[PDB]
Amino acid sequence: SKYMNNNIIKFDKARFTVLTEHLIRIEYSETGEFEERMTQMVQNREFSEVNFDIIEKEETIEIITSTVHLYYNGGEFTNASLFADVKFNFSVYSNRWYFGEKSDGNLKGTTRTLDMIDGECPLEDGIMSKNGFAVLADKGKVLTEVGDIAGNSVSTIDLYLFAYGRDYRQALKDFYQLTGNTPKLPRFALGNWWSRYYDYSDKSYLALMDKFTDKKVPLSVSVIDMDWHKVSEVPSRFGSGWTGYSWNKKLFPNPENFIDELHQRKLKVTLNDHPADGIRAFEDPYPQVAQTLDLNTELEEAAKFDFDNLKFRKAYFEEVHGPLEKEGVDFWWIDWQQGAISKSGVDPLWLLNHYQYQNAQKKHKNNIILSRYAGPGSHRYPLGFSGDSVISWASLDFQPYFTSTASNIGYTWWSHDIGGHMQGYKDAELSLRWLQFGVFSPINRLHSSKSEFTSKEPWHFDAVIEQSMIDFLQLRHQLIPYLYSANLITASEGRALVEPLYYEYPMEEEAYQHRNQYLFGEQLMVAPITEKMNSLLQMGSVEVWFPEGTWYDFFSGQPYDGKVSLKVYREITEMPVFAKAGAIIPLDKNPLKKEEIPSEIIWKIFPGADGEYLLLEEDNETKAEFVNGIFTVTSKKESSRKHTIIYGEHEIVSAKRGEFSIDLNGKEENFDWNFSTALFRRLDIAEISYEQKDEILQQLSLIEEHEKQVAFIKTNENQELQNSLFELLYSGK
Amino acid sequence: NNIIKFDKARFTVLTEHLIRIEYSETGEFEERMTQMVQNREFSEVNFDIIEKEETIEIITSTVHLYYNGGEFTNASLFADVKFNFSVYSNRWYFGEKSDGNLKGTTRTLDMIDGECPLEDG
Ligand SMILES: OC[C@@H](O)[C@H](O)[C@@H](O)CO
């Protein structure tokens with residue numbers, strides 16, 4: 001059969017597939033046979049036919065779409081024979097791709113891990129570029145129909161040219177169509193996780209879980225780190241106790257009972273797995289694995305780690321994990337730090353995440369793993385696990401940027417160790433700022449090193465820090481409805497929960513100049529504080545870009561007239577999070593109560609414009625509509641759910657059942673936030689002279705005209721104090 | 001008896017803790033001294049072998065040395081030491097650097113003001 005889809009062009013030894021007007025597959029084959037199989041990266045090349053034009057001559061071909069000219073001059077792919085011009089003017093002369101060459105503009109993607117990183121590390125390129133094109137090489141192995149490694153591609157060069165311009169959201173959508181959508185997360189993954197590299201007993205671990213309840217901190221996940229298994233008692237002839245599959249019965253004399261007690265507390269349970277030293281002769285499962293793999297047990301022959309080997313994988317899932325799953329382990333923390341070597345040339349991290357994520361689905365519907373990034377397409381195996389960050393202001397300052405930038409390669413479920421993993425320095429404010437970021441990150445998992453000094457328990461800290469941490473951990477559970485809805489949107493529509501500003505505001509230069517600022521779902525904009533407070537102000541700060549429109553602090557209702565770039569100041573207990581006029585945010589009214597789905601939703605409405613919110617749940621869709629001051633709630637299915645409505649400052653309706661409409665036009669649109677209260681608070685906490693406090697309070701109270709209030713603060717000899725006062729006068733204008 | 005051949009490789013267990021590893025395309029292995037090596041006469045030692053169709057394992061009191069056949073690559077030739085001095089730096093891979101080397105020396109201190117890099121010992 002000579003039949004070919006109309007989107008396929010062949011010329012010399014190349015094949016071009018025009019998958020969209022802005023996405024061209026580029027293949028080279030010595031043999032004239034081109035690759036149809038799935039690869040590690042690509043799952044789907046079925047794209048609806050698109051319009052394009054060809055200029056084919058003897059010696060050259062040009063493929064022309066709405067956004068790109070692709071040229072091929074025959075022969076081997078070199079920087080001279082294969083190149084493209086984009087039909088954009090985002091740069092004066094960075095509008096040409098050359099095969100095998102780097103161009104500027106790439107907005108970056110992510111990397112394997114933050115292991116041993118103190119602050120910034122280099123990132124790999126993503127598919128997003130300010131100049132409108134990027135090339136995603138497919139260097140992976142081909143897969144069989146059922147998803148096992150098949151060997152080398154017959155397309156010895158296989159590339160994807162993205163030429164979406166600054167339509168970043170559409171580039172990511174089409175990347176997901178190509179590599180497969182992110183699977184749905186389960187709701188439990190979006191709550192708080194407790195983890196610590198600490199040799200807990202059953203007793204001490206349950207006592208901690210019960211103290212979390214006593215302290216009014218909700219948790220969804222109980223992580224148990226490597227001290228669950230034998231460590232120091234492993235005979236040295238076998239190597240270290242890092243890898244283990246055998247319970248420490250001194251700490252866990254009845255593992256199934258312990259896991260059942262965590263299940264009764266509605267916690268999902270994961271164990272640390274260090275797979276690299278395989279199954280050695282001292283292990284509980286060794287007799288059964290040695291039988292299956294026909295090992296020499298009198299010579300203590302180990303079942304060495306080999307995820308290329310179908311029999312090893314089968315032994316690993318059925319005979320090593322299987323018994324631990326039967327005891328009640330819900331999902332696996334794959335903790336691989338042992339390199340990228342295999343006989344197949346496939347990264348063992350890729351093999352682990354691919355096969356473990358598939359195996360997890362027998363255990364539970366929409367199950368997860370926790371593992372490091374395994375390259376483009378590995379978003380199919382959530383969750384991401386960033387690993388052994390250094391505990392530092394510099395590490396925190398990198399992390400929001402790292403997180404939002406990862407959306408540029410579709411890896412949208414990074415779980416960082418909140419408060420940082422190891423080394424570095426103690427600073428309770430650092431631990432608190434890091435938790436603020438974690439709550440507004442894809443996953444909020446508390447974790448720490450083996451130190452006796454790095455517990456992330458709120459009560460480790462003083463009464464102020466402890467209370468603020470408890471408040472933020474409660475907030476995480478309030479946000480689960482919003483997070484779970486955004487999760488179902490990632491899985492169904494290919495939209496990241498965390499977006500860089502330039503996704504919404506691609507033509508605004510300031511959207512590229514606030515590296516740690518992001519959109520958090522569709523209704524909230526976050527600007528985490530990631531530097532130690534100024535002790536004179538007793539407040540930290542971040543420069544915020546406010547896009548055009550009216551914005552409100554999500555917590556205080558402090559207003560801000562966009563478009564402006566404004567330095568904003570917050571006490572260590574407060575975080576900069578903002579909503580536009582018209583925003584509607586659902587909150588669980590009962591974040592401490594372990595309900596499978598919330599019995600009551602708070603609808604938090606920001607007055608001053610129309611808005612809309614769709615709450616996706618396991619078995620329902622709930623639409624909130626705010627049009628000409630009328631707030632309406634409707635659902636796909638009937639339910640007993642109670643709805644609370646908070647319109648700006650004020651609870652209007654409490655615990656109303658069913659679908660309803662309510663006219664909010666006759667209700668107070670204004671937040672209580674006011675200039676005079678906020679000014680008094682900022683002056684009162686500041687470690688400045690009382691004479692300065694007195695004069696600033698007197699003059700700003702006395703001076704009526706806003707421009708002369710600003711002139712007065714402009715004379716202040718403390719420059720950061722001027723900025724803080726300016727923020728208040730700007731919100732109060 | 002201290003000598004084992006497998007595929008295109010020759011292993012010589014000189015001590016319980018010292019193993020020569022040779023590759024030869026032709027199956028001819030080198031007996032002559034080199035600039036570095038002057039003597040390969042060492043007393044017999046005890047060690048075990050697990051030889052299969054496609055793989056060999058040599059086991060001493062201190063090391064597992066594995067060879068999976070073919071040219072020597074990081075994947076085909078590697079070893080686990082029977083020690084627990086590190087949590088996961090106990091594996092040698094052919095042609096890869098691992099941590100822990102306490103260093104050796106270098107040709108000269110010509111033009112060196114303070115420290116210079118040393119070669120591995
Ligand atoms: O299992 C011990 C490890 O050091 C873990 O605590 C880290 O989180 C792994 O990255």
# chains A, B, ... in the order shown; residues from 1 in each chain; ligands from 1

call {"tool": "residues_near_ligand", "arguments": {"ligand": "ligand 1", "cutoff": "6 Å", "atoms": "only C-alpha atoms and all ligand atoms", "output": "count of residues only"}}
result
8

call {"tool": "closest_atom_pairs", "arguments": {"of": "chain A", "to": "chain B", "cutoff": "8 Å", "atoms": "only C-alpha atoms", "output": "Markdown table"}}
result
| residue | atom | partner | partner_atom | distance |
| --- | --- | --- | --- | --- |
| A:236 | CA | B:83 | CA | 5.3 |
| A:237 | CA | B:82 | CA | 4.4 |
| A:238 | CA | B:82 | CA | 5.6 |
| A:239 | CA | B:84 | CA | 4.7 |
| A:240 | CA | B:84 | CA | 4.6 |
| A:241 | CA | B:87 | CA | 7.1 |
| A:242 | CA | B:87 | CA | 5.6 |
| A:338 | CA | B:88 | CA | 7.1 |
| A:341 | CA | B:75 | CA | 6.1 |
| A:342 | CA | B:75 | CA | 5.4 |
| A:343 | CA | B:75 | CA | 5.0 |

call {"tool": "select_by_dssp", "arguments": {"residues": "range 75-207 of chain A", "states": "alpha helix (DSSP H)", "output": "MDAnalysis selection string"}}
result
chainID A and resid 168:179 202:207

call {"tool": "write_last_selection", "arguments": {"atoms": "N, CA, C and O atoms", "output": "compact mmCIF listing (two decimals), in the first residue's frame"}}
result
# COMPACT_ATOMS: atom_id res chain seq x y z
N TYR A 168 2.17 29.77 24.17
CA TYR A 168 2.81 28.76 25.04
C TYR A 168 1.77 27.71 25.47
O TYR A 168 2.10 26.55 25.50
N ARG A 169 0.55 28.12 25.84
CA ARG A 169 -0.45 27.13 26.32
C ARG A 169 -0.74 26.11 25.22
O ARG A 169 -0.92 24.91 25.55
N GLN A 170 -0.86 26.56 23.97
CA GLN A 170 -1.21 25.63 22.85
C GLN A 170 -0.02 24.71 22.60
O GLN A 170 -0.23 23.48 22.38
N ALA A 171 1.21 25.21 22.68
CA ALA A 171 2.42 24.38 22.52
C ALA A 171 2.37 23.26 23.55
O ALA A 171 2.66 22.11 23.22
N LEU A 172 2.03 23.58 24.79
CA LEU A 172 2.03 22.55 25.85
C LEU A 172 0.89 21.55 25.60
O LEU A 172 1.11 20.34 25.73
N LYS A 173 -0.30 22.04 25.26
CA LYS A 173 -1.44 21.15 24.91
C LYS A 173 -1.00 20.14 23.85
O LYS A 173 -1.25 18.93 24.03
N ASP A 174 -0.44 20.62 22.74
CA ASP A 174 -0.01 19.75 21.60
C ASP A 174 1.16 18.84 22.01
O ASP A 174 1.24 17.66 21.55
N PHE A 175 2.06 19.32 22.87
CA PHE A 175 3.11 18.46 23.43
C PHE A 175 2.49 17.30 24.20
O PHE A 175 2.99 16.16 24.06
N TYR A 176 1.47 17.55 25.01
CA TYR A 176 0.73 16.48 25.72
C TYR A 176 0.02 15.54 24.74
O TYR A 176 -0.05 14.35 25.05
N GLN A 177 -0.52 16.05 23.65
CA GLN A 177 -1.20 15.17 22.64
C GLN A 177 -0.14 14.22 22.08
O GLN A 177 -0.40 12.97 21.95
N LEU A 178 1.08 14.73 21.87
CA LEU A 178 2.21 13.96 21.31
C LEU A 178 2.75 12.96 22.33
O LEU A 178 2.97 11.79 21.96
N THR A 179 3.02 13.39 23.57
CA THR A 179 3.73 12.56 24.57
C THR A 179 2.73 11.90 25.51
O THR A 179 3.18 11.13 26.38
N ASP A 202 7.02 1.89 65.32
CA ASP A 202 5.55 1.96 65.10
C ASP A 202 4.94 2.95 66.11
O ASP A 202 4.16 3.80 65.70
N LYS A 203 5.30 2.80 67.38
CA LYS A 203 4.72 3.56 68.51
C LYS A 203 4.99 5.04 68.30
O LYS A 203 4.01 5.82 68.40
N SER A 204 6.25 5.40 68.00
CA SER A 204 6.66 6.83 67.94
C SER A 204 6.05 7.47 66.70
O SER A 204 5.64 8.68 66.77
N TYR A 205 5.93 6.70 65.61
CA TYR A 205 5.30 7.21 64.37
C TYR A 205 3.79 7.45 64.60
O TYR A 205 3.31 8.53 64.27
N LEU A 206 3.04 6.49 65.15
CA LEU A 206 1.60 6.70 65.45
C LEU A 206 1.42 7.85 66.44
O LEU A 206 0.47 8.63 66.25
N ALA A 207 2.29 7.99 67.44
CA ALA A 207 2.17 9.07 68.45
C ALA A 207 2.32 10.42 67.73
O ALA A 207 1.57 11.32 68.04

call {"tool": "residues_around", "arguments": {"residues": "residue 101 in chain B", "least_positions_apart": "4", "cutoff": "10 Å", "atoms": "only C-alpha atoms", "output": "list in words"}}
result
residues 97, 119, 120 and 121 of chain B

call {"tool": "residues_around", "arguments": {"residues": "range 624-630 of chain A", "least_positions_apart": "2", "cutoff": "6 Å", "atoms": "only C-alpha atoms", "output": "PDB file with N, CA and C atoms, in the first residue's frame"}}
result
ATOM      1  N   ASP A 610     -17.452  40.371  36.727  1.00  0.00           N
ATOM      2  CA  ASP A 610     -18.090  39.055  36.549  1.00  0.00           C
ATOM      3  C   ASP A 610     -16.992  38.015  36.747  1.00  0.00           C
ATOM      4  N   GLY A 611     -17.373  36.802  37.110  1.00  0.00           N
ATOM      5  CA  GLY A 611     -16.446  35.671  37.075  1.00  0.00           C
ATOM      6  C   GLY A 611     -17.195  34.356  36.997  1.00  0.00           C
ATOM      7  N   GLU A 612     -16.434  33.287  37.005  1.00  0.00           N
ATOM      8  CA  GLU A 612     -16.930  31.917  36.789  1.00  0.00           C
ATOM      9  C   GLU A 612     -15.904  30.965  37.397  1.00  0.00           C
ATOM     10  N   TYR A 613     -16.354  29.886  38.036  1.00  0.00           N
ATOM     11  CA  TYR A 613     -15.458  28.789  38.476  1.00  0.00           C
ATOM     12  C   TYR A 613     -16.172  27.441  38.285  1.00  0.00           C
ATOM     13  N   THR A 632     -24.752  32.301  41.006  1.00  0.00           N
ATOM     14  CA  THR A 632     -25.521  31.054  40.794  1.00  0.00           C
ATOM     15  C   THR A 632     -24.594  29.845  40.937  1.00  0.00           C
ATOM     16  N   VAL A 633     -25.048  28.841  41.681  1.00  0.00           N
ATOM     17  CA  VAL A 633     -24.385  27.514  41.786  1.00  0.00           C
ATOM     18  C   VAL A 633     -25.320  26.468  41.172  1.00  0.00           C
ATOM     19  N   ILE A 662     -28.415  33.873  43.929  1.00  0.00           N
ATOM     20  CA  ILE A 662     -28.538  34.943  44.946  1.00  0.00           C
ATOM     21  C   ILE A 662     -27.997  36.237  44.351  1.00  0.00           C
ATOM     22  N   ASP A 663     -28.819  37.278  44.488  1.00  0.00           N
ATOM     23  CA  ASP A 663     -28.544  38.659  44.033  1.00  0.00           C
ATOM     24  C   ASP A 663     -27.618  39.284  45.067  1.00  0.00           C
ATOM     25  N   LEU A 664     -26.370  39.559  44.696  1.00  0.00           N
ATOM     26  CA  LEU A 664     -25.389  40.194  45.605  1.00  0.00           C
ATOM     27  C   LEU A 664     -25.290  41.698  45.309  1.00  0.00           C
ATOM     28  N   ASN A 665     -26.104  42.259  44.399  1.00  0.00           N
ATOM     29  CA  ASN A 665     -26.024  43.709  44.041  1.00  0.00           C
ATOM     30  C   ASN A 665     -26.319  44.570  45.269  1.00  0.00           C
TER      31      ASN A 665
END

call {"tool": "select_by_dssp", "arguments": {"residues": "range 13-261 of chain A", "states": "strand (DSSP E or B)", "output": "PyMOL selection string"}}
result
chain A and resi 14-20+23-28+39+53-56+61-64+68-72+82-86+96-98+106+129+134-137+142-143+149-151+157-162+192-194+221-224+229+247

call {"tool": "write_last_selection", "arguments": {"atoms": "C-alpha atoms", "output": "mmCIF file, in the first residue's frame"}}
result
data_model
loop_
_atom_site.group_PDB
_atom_site.id
_atom_site.type_symbol
_atom_site.label_atom_id
_atom_site.label_comp_id
_atom_site.auth_asym_id
_atom_site.auth_seq_id
_atom_site.Cartn_x
_atom_site.Cartn_y
_atom_site.Cartn_z
ATOM 1 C CA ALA A 14 14.015 12.590 5.172
ATOM 2 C CA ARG A 15 10.368 12.342 6.248
ATOM 3 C CA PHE A 16 8.426 15.474 7.419
ATOM 4 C CA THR A 17 5.091 15.142 9.276
ATOM 5 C CA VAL A 18 3.084 18.387 9.623
ATOM 6 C CA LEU A 19 1.219 17.418 12.844
ATOM 7 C CA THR A 20 -0.146 20.972 13.418
ATOM 8 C CA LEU A 23 4.582 21.262 14.926
ATOM 9 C CA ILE A 24 6.701 19.379 12.329
ATOM 10 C CA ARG A 25 8.271 15.953 12.899
ATOM 11 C CA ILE A 26 11.623 15.705 11.087
ATOM 12 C CA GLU A 27 13.126 12.211 10.459
ATOM 13 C CA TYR A 28 16.281 10.873 8.733
ATOM 14 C CA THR A 39 9.165 5.879 21.908
ATOM 15 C CA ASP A 53 2.238 24.489 1.255
ATOM 16 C CA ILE A 54 5.310 22.785 -0.316
ATOM 17 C CA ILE A 55 7.864 24.209 -2.784
ATOM 18 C CA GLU A 56 9.601 21.028 -4.028
ATOM 19 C CA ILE A 61 12.173 21.311 -0.497
ATOM 20 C CA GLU A 62 10.416 24.117 1.502
ATOM 21 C CA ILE A 63 7.483 23.315 3.811
ATOM 22 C CA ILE A 64 5.465 26.481 4.653
ATOM 23 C CA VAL A 68 7.329 28.519 9.770
ATOM 24 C CA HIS A 69 9.395 27.910 6.587
ATOM 25 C CA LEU A 70 11.323 24.592 6.909
ATOM 26 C CA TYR A 71 14.141 24.146 4.363
ATOM 27 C CA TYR A 72 15.961 20.932 3.451
ATOM 28 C CA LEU A 82 18.336 21.639 7.432
ATOM 29 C CA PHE A 83 17.060 24.981 8.864
ATOM 30 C CA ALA A 84 13.876 27.000 9.426
ATOM 31 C CA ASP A 85 12.751 30.653 9.527
ATOM 32 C CA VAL A 86 9.789 31.497 11.766
ATOM 33 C CA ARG A 96 16.274 31.005 12.287
ATOM 34 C CA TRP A 97 16.718 27.420 13.569
ATOM 35 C CA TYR A 98 19.819 25.577 12.316
ATOM 36 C CA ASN A 106 14.569 29.252 25.156
ATOM 37 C CA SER A 129 10.978 30.270 23.472
ATOM 38 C CA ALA A 134 12.211 25.176 19.810
ATOM 39 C CA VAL A 135 13.365 21.686 18.760
ATOM 40 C CA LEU A 136 12.684 18.640 20.920
ATOM 41 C CA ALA A 137 15.017 15.778 19.883
ATOM 42 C CA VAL A 142 11.100 2.568 20.611
ATOM 43 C CA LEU A 143 8.418 0.796 22.663
ATOM 44 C CA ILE A 149 11.640 -1.381 25.309
ATOM 45 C CA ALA A 150 11.762 -2.648 21.667
ATOM 46 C CA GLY A 151 15.283 -1.385 20.706
ATOM 47 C CA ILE A 157 17.361 11.225 13.611
ATOM 48 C CA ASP A 158 13.858 12.074 14.930
ATOM 49 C CA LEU A 159 13.085 15.742 15.902
ATOM 50 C CA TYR A 160 9.975 17.841 16.681
ATOM 51 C CA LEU A 161 10.099 21.491 15.533
ATOM 52 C CA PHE A 162 7.733 23.624 17.663
ATOM 53 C CA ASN A 192 -0.033 17.543 53.435
ATOM 54 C CA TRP A 193 2.622 14.717 53.508
ATOM 55 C CA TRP A 194 4.711 13.999 56.634
ATOM 56 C CA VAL A 221 0.154 10.925 53.448
ATOM 57 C CA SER A 222 2.467 9.068 55.877
ATOM 58 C CA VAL A 223 5.924 8.584 54.315
ATOM 59 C CA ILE A 224 8.218 6.038 56.048
ATOM 60 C CA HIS A 229 14.137 -1.671 56.783
ATOM 61 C CA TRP A 247 11.359 -4.709 58.048
#

call {"tool": "residues_around", "arguments": {"residues": "residue 254 in chain A", "least_positions_apart": "3", "cutoff": "12 Å", "atoms": "only C-alpha atoms", "output": "MDAnalysis selection string"}}
result
chainID A and resid 201:203 228 247:251 257:261 324 327:328

call {"tool": "residues_around", "arguments": {"residues": "residue 44 in chain B", "least_positions_apart": "4", "cutoff": "9 Å", "atoms": "only C-alpha atoms", "output": "list in words"}}
result
residues 1, 2, 13, 14 and 15 of chain B

call {"tool": "write_last_selection", "arguments": {"atoms": "N, CA, C and O atoms", "output": "PDB file, in the first residue's frame"}}
result
ATOM      1  N   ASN B   1      45.620 -21.228  37.340  1.00  0.00           N
ATOM      2  CA  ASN B   1      44.480 -21.443  38.339  1.00  0.00           C
ATOM      3  C   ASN B   1      43.967 -20.105  38.884  1.00  0.00           C
ATOM      4  O   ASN B   1      42.794 -20.014  39.284  1.00  0.00           O
ATOM      5  N   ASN B   2      44.856 -19.129  38.979  1.00  0.00           N
ATOM      6  CA  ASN B   2      44.499 -17.729  39.297  1.00  0.00           C
ATOM      7  C   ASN B   2      43.978 -17.054  38.019  1.00  0.00           C
ATOM      8  O   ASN B   2      43.524 -15.915  38.125  1.00  0.00           O
ATOM      9  N   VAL B  13      43.392 -13.293  39.215  1.00  0.00           N
ATOM     10  CA  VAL B  13      43.211 -13.010  40.663  1.00  0.00           C
ATOM     11  C   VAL B  13      44.591 -13.100  41.313  1.00  0.00           C
ATOM     12  O   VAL B  13      44.991 -14.228  41.729  1.00  0.00           O
ATOM     13  N   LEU B  14      45.301 -11.973  41.372  1.00  0.00           N
ATOM     14  CA  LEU B  14      46.683 -11.911  41.902  1.00  0.00           C
ATOM     15  C   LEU B  14      46.687 -12.032  43.427  1.00  0.00           C
ATOM     16  O   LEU B  14      47.576 -12.731  43.961  1.00  0.00           O
ATOM     17  N   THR B  15      45.780 -11.322  44.109  1.00  0.00           N
ATOM     18  CA  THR B  15      45.522 -11.485  45.562  1.00  0.00           C
ATOM     19  C   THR B  15      44.015 -11.558  45.744  1.00  0.00           C
ATOM     20  O   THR B  15      43.321 -11.333  44.763  1.00  0.00           O
TER      21      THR B  15
END

call {"tool": "closest_residue", "arguments": {"among": "A:605, A:483, A:463, A:728", "to": "residue 582 in chain A", "atoms": "only C-alpha atoms"}}
result
A:605

call {"tool": "closest_residue", "arguments": {"among": "B:46, B:70, B:108, B:9", "to": "residue 21 in chain B", "atoms": "only C-alpha atoms"}}
result
B:9

call {"tool": "residues_around", "arguments": {"residues": "residue 394 in chain A", "least_positions_apart": "4", "cutoff": "12 Å", "atoms": "only C-alpha atoms", "output": "VMD selection string"}}
result
chain A and resid 117 to 121 389 to 390 398 to 401 419 to 420 424 to 425 430 434 529 to 532

call {"tool": "write_last_selection", "arguments": {"atoms": "N, CA and C atoms", "output": "PDB file, in the first residue's frame"}}
result
ATOM      1  N   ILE A 117      22.089  20.587  45.448  1.00  0.00           N
ATOM      2  CA  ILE A 117      22.035  21.974  44.932  1.00  0.00           C
ATOM      3  C   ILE A 117      21.695  22.971  46.040  1.00  0.00           C
ATOM      4  N   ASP A 118      22.604  23.915  46.208  1.00  0.00           N
ATOM      5  CA  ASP A 118      22.460  25.086  47.091  1.00  0.00           C
ATOM      6  C   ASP A 118      22.223  26.282  46.190  1.00  0.00           C
ATOM      7  N   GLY A 119      20.942  26.640  46.046  1.00  0.00           N
ATOM      8  CA  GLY A 119      20.485  27.719  45.175  1.00  0.00           C
ATOM      9  C   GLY A 119      20.209  27.220  43.771  1.00  0.00           C
ATOM     10  N   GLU A 120      20.775  27.904  42.784  1.00  0.00           N
ATOM     11  CA  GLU A 120      20.454  27.703  41.347  1.00  0.00           C
ATOM     12  C   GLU A 120      21.271  26.553  40.774  1.00  0.00           C
ATOM     13  N   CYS A 121      20.673  25.817  39.848  1.00  0.00           N
ATOM     14  CA  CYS A 121      21.431  24.932  38.959  1.00  0.00           C
ATOM     15  C   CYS A 121      20.963  25.143  37.529  1.00  0.00           C
ATOM     16  N   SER A 389      17.954  18.932  48.196  1.00  0.00           N
ATOM     17  CA  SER A 389      18.232  20.370  48.194  1.00  0.00           C
ATOM     18  C   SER A 389      19.016  20.752  49.454  1.00  0.00           C
ATOM     19  N   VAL A 390      19.853  21.781  49.342  1.00  0.00           N
ATOM     20  CA  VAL A 390      20.549  22.354  50.529  1.00  0.00           C
ATOM     21  C   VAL A 390      19.610  23.358  51.210  1.00  0.00           C
ATOM     22  N   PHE A 398      15.397  29.950  44.563  1.00  0.00           N
ATOM     23  CA  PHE A 398      15.417  29.303  43.221  1.00  0.00           C
ATOM     24  C   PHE A 398      14.074  28.594  42.963  1.00  0.00           C
ATOM     25  N   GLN A 399      13.393  28.134  44.014  1.00  0.00           N
ATOM     26  CA  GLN A 399      12.425  27.017  43.869  1.00  0.00           C
ATOM     27  C   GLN A 399      11.128  27.436  43.149  1.00  0.00           C
ATOM     28  N   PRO A 400      10.541  28.633  43.334  1.00  0.00           N
ATOM     29  CA  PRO A 400       9.345  28.970  42.601  1.00  0.00           C
ATOM     30  C   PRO A 400       9.613  29.015  41.084  1.00  0.00           C
ATOM     31  N   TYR A 401      10.681  29.697  40.700  1.00  0.00           N
ATOM     32  CA  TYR A 401      11.206  29.762  39.308  1.00  0.00           C
ATOM     33  C   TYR A 401      11.363  28.349  38.746  1.00  0.00           C
ATOM     34  N   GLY A 419      10.985  23.169  53.108  1.00  0.00           N
ATOM     35  CA  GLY A 419      11.965  23.606  54.125  1.00  0.00           C
ATOM     36  C   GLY A 419      13.366  23.113  53.813  1.00  0.00           C
ATOM     37  N   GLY A 420      13.551  22.430  52.687  1.00  0.00           N
ATOM     38  CA  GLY A 420      14.874  21.984  52.226  1.00  0.00           C
ATOM     39  C   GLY A 420      15.314  20.684  52.864  1.00  0.00           C
ATOM     40  N   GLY A 424      23.168  23.149  55.078  1.00  0.00           N
ATOM     41  CA  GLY A 424      22.745  24.524  55.335  1.00  0.00           C
ATOM     42  C   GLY A 424      22.572  24.838  56.813  1.00  0.00           C
ATOM     43  N   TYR A 425      21.683  25.761  57.126  1.00  0.00           N
ATOM     44  CA  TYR A 425      21.718  26.556  58.386  1.00  0.00           C
ATOM     45  C   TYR A 425      20.289  26.667  58.926  1.00  0.00           C
ATOM     46  N   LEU A 430      13.146  31.050  57.519  1.00  0.00           N
ATOM     47  CA  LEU A 430      13.380  30.268  56.269  1.00  0.00           C
ATOM     48  C   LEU A 430      12.401  29.093  56.224  1.00  0.00           C
ATOM     49  N   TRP A 434       9.441  28.791  53.511  1.00  0.00           N
ATOM     50  CA  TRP A 434       9.502  27.648  52.576  1.00  0.00           C
ATOM     51  C   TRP A 434       8.140  26.934  52.589  1.00  0.00           C
ATOM     52  N   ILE A 529       7.613  35.303  49.139  1.00  0.00           N
ATOM     53  CA  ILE A 529       8.811  36.007  49.687  1.00  0.00           C
ATOM     54  C   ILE A 529       9.903  34.968  49.954  1.00  0.00           C
ATOM     55  N   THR A 530      11.082  35.177  49.387  1.00  0.00           N
ATOM     56  CA  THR A 530      12.164  34.201  49.387  1.00  0.00           C
ATOM     57  C   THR A 530      13.458  34.867  49.852  1.00  0.00           C
ATOM     58  N   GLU A 531      13.359  35.999  50.543  1.00  0.00           N
ATOM     59  CA  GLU A 531      14.557  36.595  51.187  1.00  0.00           C
ATOM     60  C   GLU A 531      14.215  36.994  52.619  1.00  0.00           C
ATOM     61  N   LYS A 532      15.226  36.851  53.466  1.00  0.00           N
ATOM     62  CA  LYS A 532      15.154  37.130  54.899  1.00  0.00           C
ATOM     63  C   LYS A 532      14.677  38.567  55.065  1.00  0.00           C
TER      64      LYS A 532
END

call {"tool": "atom_distance", "arguments": {"atom1": "CA of residue 603 in chain A", "atom2": "CA of residue 649 in chain A"}}
result
12.1 Å

call {"tool": "atom_distance", "arguments": {"atom1": "CA of residue 717 in chain A", "atom2": "CA of residue 701 in chain A"}}
result
19.5 Å

call {"tool": "atom_distance", "arguments": {"atom1": "CA of residue 165 in chain A", "atom2": "CA of residue 128 in chain A"}}
result
8.4 Å
